[PDB]
Number of protein chains: 2
Amino acid sequence: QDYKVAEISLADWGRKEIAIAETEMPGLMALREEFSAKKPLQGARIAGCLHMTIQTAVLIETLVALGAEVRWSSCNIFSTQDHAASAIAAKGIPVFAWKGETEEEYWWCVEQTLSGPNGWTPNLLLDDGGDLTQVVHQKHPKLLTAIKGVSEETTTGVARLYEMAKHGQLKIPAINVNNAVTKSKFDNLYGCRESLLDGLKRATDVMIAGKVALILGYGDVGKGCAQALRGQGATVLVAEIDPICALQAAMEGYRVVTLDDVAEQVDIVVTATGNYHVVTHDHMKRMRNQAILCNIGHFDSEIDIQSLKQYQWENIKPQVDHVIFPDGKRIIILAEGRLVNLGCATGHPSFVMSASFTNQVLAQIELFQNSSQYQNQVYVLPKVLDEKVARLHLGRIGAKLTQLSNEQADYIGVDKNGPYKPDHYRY
Amino acid sequence: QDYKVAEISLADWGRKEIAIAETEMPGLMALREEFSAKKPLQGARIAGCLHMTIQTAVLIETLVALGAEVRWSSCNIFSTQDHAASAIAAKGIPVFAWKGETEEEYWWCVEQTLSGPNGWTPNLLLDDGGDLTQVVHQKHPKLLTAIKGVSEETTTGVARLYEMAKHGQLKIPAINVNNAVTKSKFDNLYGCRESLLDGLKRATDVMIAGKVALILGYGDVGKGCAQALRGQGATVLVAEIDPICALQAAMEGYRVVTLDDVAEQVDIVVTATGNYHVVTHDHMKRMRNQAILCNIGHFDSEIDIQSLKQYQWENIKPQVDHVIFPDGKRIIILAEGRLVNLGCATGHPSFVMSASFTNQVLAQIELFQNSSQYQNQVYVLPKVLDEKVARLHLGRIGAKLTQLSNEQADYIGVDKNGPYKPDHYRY
Ligand SMILES: NC(=O)c1ccc[n+]([C@@H]2O[C@H](COP(=O)([O-])OP(=O)(O)OC[C@H]3O[C@@H](n4cnc5c(N)ncnc54)[C@H](O)[C@@H]3O)[C@@H](O)[C@H]2O)c1
Ligand SMILES: NC(=O)c1ccc[n+]([C@@H]2O[C@H](COP(=O)([O-])OP(=O)(O)OC[C@H]3O[C@@H](n4cnc5c(N)ncnc54)[C@H](O)[C@@H]3O)[C@@H](O)[C@H]2O)c1
Ligand SMILES: Nc1ncnc2[nH]cnc12
Ligand SMILES: Nc1ncnc2[nH]cnc12
């Protein structure tokens, strides 16, 4: 068995939910319709490290339908949906993923992606957060020569690529999928607008209405989180280091504050910074009894979880814990500080993941075919492909596009078929 | 008298409202505090073409406080606030602007900006919409040699610059002020979110709640217009040619439709496209009795106003007209299709105009000092200045910034003092 999952008998349930998800993921299904016969990824050998959800199962089966061979792992110890992993394993696709991995198991799973039976090695990487990219660069430099490139899903992974490139550590081309407009402005924003609430509601019976909620970070994720909680009746506070993002939050009516000032005043804290130790021991010591602390950024290091190691952790249910302080005060920590929407719920819904994952497939096609055209730098896909991703999703939600006339296209200086915006337009 | 205004005796009223506006415009006042003694614009001779409002009066007096000499005109026949123009004229600043200009008067006013007494000619242009840039390039090529550059306020003006540059027609450097983040994502969005309603409410006693409103265009302006009307209880429809913007609108719950389909169904139509004849004769013929038609894009050519020339126009009050069709059906047209927020109300409020106009002052300083470093292309100001503009506005609205620690700045790859985002970050 060239796989490792929790329970293979969950595969039928996984197939049933994959069938539903396909009907919500028109971008991926359109790529199958366009490319499954020509098989543009025939000869592609993709090592993948990305949350092993039902939506990712549709991504994997799209890559395979286009001719790729893949080996898969999750990029978080809690984000796997076991029945999705089983459905993939039952297809004979190598997948190494279960919910509740230890850290040792996590890195073992990544490692299994880099070598398969009969001398299988990847020539492509598909990464979400930079861990797979790190393992290959730091532990398997011999593999790098054969890797055509990496496509990277998320803001933190791209930040890690930028720092590698600045220091001459990046040894392959990288496609930044996060900053396709149809990824960053949809998945990060509208996805979290729904899936933060999902994680909070599944974890506890805390009401949102009337609570004071603090969001740390007002980028794409924090913007979606703030809209989510404000719509449900919370008073929303925002912390920011960036004066432009702070000004955006203020102009939406949120008070912009520091956690150093407001720790005792908040009912719910959500870290969405992509940064390091933005919630410290002293912050948590000051929090009210039964305050809820969670992280929706990529890494649990947004919170100094280590500082709680000597306190009693009383489990409430899976991925919901009380941390009991010496004076008896308790805080509720979700998923041990790991990604709350994937650890306490199921991540983003299928429709917006289709937009993200359509970009991933297009990036893998571009790297597999044309990686010779790229240097060891970070690139984004062209705007015409970004627009194509959007076009493929309009039919499902019933949006009807207006067509420019010749004179209207000339008036604003565009081709009738796009691209319709200048390169650095911000949407 | 080196000026032309409607009534100089309105100057005292203008001064009173300028004094209030200063307290809402901390960016401009901060630039006065930083630069009025060093006078970095001493020797600058600025021809300006930008809506002659109270807020623009604060911009003009900031330029003058920094040492500039200016000659001013409005960029729209209806956008001048006469008491603001009088306050400027009473200071001895040449201004040629009144509400209700004819087209001949409009272009005469622009022309007055290009030559003053004693051989005064500009060495800088400050433009909003591209009309001043057009006049100089097409009618006064001898002036071009002495023009160090132009700073351009709005999306349509930048579109015109791009097309000039593509065809080799741009003969001076241009700073695109519209696409400072602290302009496009604030003025265009939050400004119109307030000032569209202002124009509609001052013009008619039409209720927004329960109406079906169609917004043509879902860029920065259309996004703000949609939020405005949705918050007041309208059913909001959106038309788009851009599939990414269409998908954004759909994900906010707006049905994305074509005016060709829905003309008979709408109560209010707002053009926000920057394009040509997006509302045609047949659209207007199909509109319901007493439907309200207005334009918030830069030019009245969004609507084919010419097609209504043979119908009786019955005036309701200034800038509010009935167009009476042969079957007796009437539509309400606002400001003859000119910018509705400035024609039927007073434009954006002071606070957000401060952010836009702080960018304008910084652009004029950069052109006056460093235009030799630029070619005849379109440029944007650097991100550190964009962040500075935001910083200068945080105090007024009580936003408190968090400061990165050394390790947090290193973790995300930024300097503690910024810039905090990659060059092409979209906010
Ligand atoms: N949970 C999900 O489904 C999901 C989806 C996309 C991205 N992410 C992750 O979420 C994180 C945020 O992503 P993003 O796209 O919003 O990034 P972003 O860069 O757009 O936003 C992060 C924001 O945090 C702010 N910030 C940084 N340090 C801070 C501090 N100490 N205090 C306060 N604010 C601070 C920055 O100024 C920035 O505006 C990343 O780790 C990303 O990988 C999660
Ligand atoms: N009234 C104000 O205070 C104010 C402020 C800023 C800008 N403006 C003006 O408003 C206009 C829009 O500015 P913006 O920043 O939103 O520009 P933008 O480019 O961001 O948005 C315009 C949108 O219109 C869409 N569009 C173009 N042709 C269309 C058509 N035929 N049908 C439907 N949609 C169409 C485009 O796809 C685009 O998304 C410009 O003329 C700009 O100069 C006015
Ligand atoms: N449902 C989902 N599947 C995969 N990755 C995700 N990231 C966020 N939500 C996700
Ligand atoms: N109040 C205002 N002053 C000047 N230009 C504007 N454009 C939009 N609103 C404005």
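Residue numbers begin at 1 in each chain, while the letters A, B, ... track the order of the sequences. Computation of the quantities below employed the complete heavy-atom set of this structure, encompassing side-chain atoms and omitting hydrogens, waters and symmetry-equivalent molecules.
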Item to check | Donor-acceptor contact below 3.5 Å, side chain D304(B) vs main chain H277(B) | outcome: no
Checklist outcome for this item: Heavy-atom closest pair (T358(B) atom, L28(B) atom, distance to 0.1 Å) is OG1-N, 3.4 Å
Item to check | Enclosure of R286(B) CZ (heavy-atom neighbours >12, cutoff 6.0 Å) | outcome: yes
Next on the checklist: Would you say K183(A) and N178(A) are linked by a side-chain donor-acceptor pair, where the criterion is simply a distance under 3.5 Å?
Outcome noted: yes
Item to check | Side-chain touch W72(B)/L59(B), heavy atoms, less than 4.5 angstrom | outcome: yes
Checklist entry - Side chains of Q112(B) and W108(B): is there a donor and an acceptor less than 3.5 Å apart? => result yes
Next on the checklist: Are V323(B) and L293(B) packed together at the side-chain level, in the sense that at least one heavy-atom pair is separated by less than 4.5 angstrom?
Outcome noted: no
Next on the checklist: I'd like to know if the side chain of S151(B) reaches the main chain of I175(B), judged simply by a donor and an acceptor atom lying under 3.5 Å from each other, with no hydrogens or angles considered.
Outcome noted: no
Next on the checklist: Test your reading of the model: is there a side-chain donor-acceptor pair from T258(B) to the backbone of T402(A), 3.5 Å cut-off?
Outcome noted: no
Item to check | Donor-acceptor contact present, side-chain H137(B) to main-chain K171(B), <3.5 Å | outcome: yes
Checklist entry - Less than 4.5 Å apart, any side-chain heavy atom of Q55(B) and any of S356(B)? => result no
Checklist entry - Excluding sequence neighbours, so at least two apart, what forms side chain to side chain contact (heavy atoms under 4.5 Å, CB included) with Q265(B)? => result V262(B)
Item to check | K285(B), NZ atom: more than 12 neighbouring heavy atoms under 6.0 Å | outcome: no
Next on the checklist: Would you say that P122(B) contacts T113(B) through its side chain, given a criterion of any heavy-atom pair below 4.5 Å between the two side chains?
Outcome noted: no
Checklist outcome for this item: CD1 (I305(B)) and CG (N295(B)) are apart, to the nearest 0.5 Å, by 8.5 Å
Checklist entry - Which class fits the ring pair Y411(A) and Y276(B): parallel under 30°, tilted 30 to 60°, perpendicular over 60°? => result tilted
Checklist outcome for this item: Scanning both residues in full, the closest heavy-atom pair of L367(B) with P173(B) reads CD2-CB, 4.4 Å
Item to check | More than 12 heavy atoms from other groups under 6.0 Å of CD on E105(B) | outcome: yes
Checklist entry - Is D260(B) close to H283(B) at the side-chain level, that is, under 4.5 Å between some pair of heavy atoms? => result yes
Next on the checklist: Regarding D386(B) and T182(B), do their side chains bring together a donor and an acceptor under 3.5 Å, going by distance alone?
Outcome noted: yes
Checklist entry - Any sub-3.5 Å donor-acceptor pair from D220(B)'s side-chain atoms to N188(B)'s backbone N or O? => result no
Item to check | Where at least one partner belongs to residues 143-155 of chain B, residue pairs that pass salt bridge (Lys or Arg N to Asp or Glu O under 4.0 Å), sequence neighbours excluded | outcome: none
Checklist entry - Does one side chain, of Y190(B) or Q248(A), offer a donor that lies under 3.5 Å from an acceptor on the other? => result no
Item to check | Pairwise distance OG1(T145(B)) to CG(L143(B)) - rounded to 0.5 angstrom | outcome: 8.5 Å
Checklist entry - Is there a side-chain contact between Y254(B) and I215(B), using heavy atoms and a 4.5 Å cut-off? => result no
Checklist entry - Taking it one step at a time, do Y427(B) and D242(A) satisfy side chain to side chain donor-acceptor pair (under 3.5 Å)? => result CA-CA 11 Å; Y427(B) 303 85; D242(A) 182 323; 4.6 Å; no
Checklist outcome for this item: Correct closest heavy-atom pair for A228(B) and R193(B) would be CB-O, 3.1 Å
Checklist entry - Under 4.5 Å between any side-chain heavy atoms of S354(B) and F351(B), yes or no? => result no
Item to check | Heavy atoms from other residues, nucleotides or ligands near NZ of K309(B) exceed 12 (cutoff 6.0 Å) | outcome: no
Checklist entry - For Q369(A), which residues count as a side-chain hydrogen bond (donor to acceptor under 3.5 Å, both in side chains) partner, sequence neighbours excluded? => result none
Next on the checklist: Is it the case that atom CD in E103(B) sees more than 12 heavy atoms from other parts of the structure closer than 6.0 Å?
Outcome noted: yes
Next on the checklist: Is it the case that the side chain of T56(B) and the backbone of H51(B) share a donor-acceptor pair, with hydrogens and angles ignored and the cut-off at 3.5 Å?
Outcome noted: yes
Checklist entry - Do the side chains of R160(B) and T133(B) get nearer than 4.5 Å, heavy atoms only? => result no
Checklist entry - Which heavy-atom pair separates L132(B) from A47(B) by the least distance, and what is that distance? => result CD2-O, 3.3 Å
Item to check | Within 6.0 angstrom of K400(A) NZ, more than 12 heavy atoms from elsewhere | outcome: no
Item to check | Heavy-atom donor-acceptor pair, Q364(B) side chain to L125(B) backbone, under 3.5 Å | outcome: yes
Checklist outcome for this item: Per side-chain hydrogen bond (donor to acceptor under 3.5 Å, both in side chains), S195(B) is matched among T346(B), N341(B), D187(B) by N341(B)
Checklist entry - Is a side-chain N or O of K99(B) found less than 3.5 angstrom from the main chain of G343(B), in a donor-acceptor match? => result yes
Next on the checklist: Closer than 3.5 angstrom, by distance alone: can the side chain of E302(B) be matched with the main-chain N or O of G274(B) as a donor-acceptor pair?
Outcome noted: yes
Next on the checklist: For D128(B) versus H298(B), what's the shortest heavy-atom pair and its separation?
Outcome noted: O-CE1, 3.3 Å
Checklist entry - What is the minimum heavy-atom distance between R255(B) and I397(A), and which atoms define it? => result NH1-O, 3.0 Å
Next on the checklist: Tell me if a side-chain donor or acceptor on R426(A) pairs with a main-chain N or O of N179(B) at a distance below 3.5 Å.
Outcome noted: yes
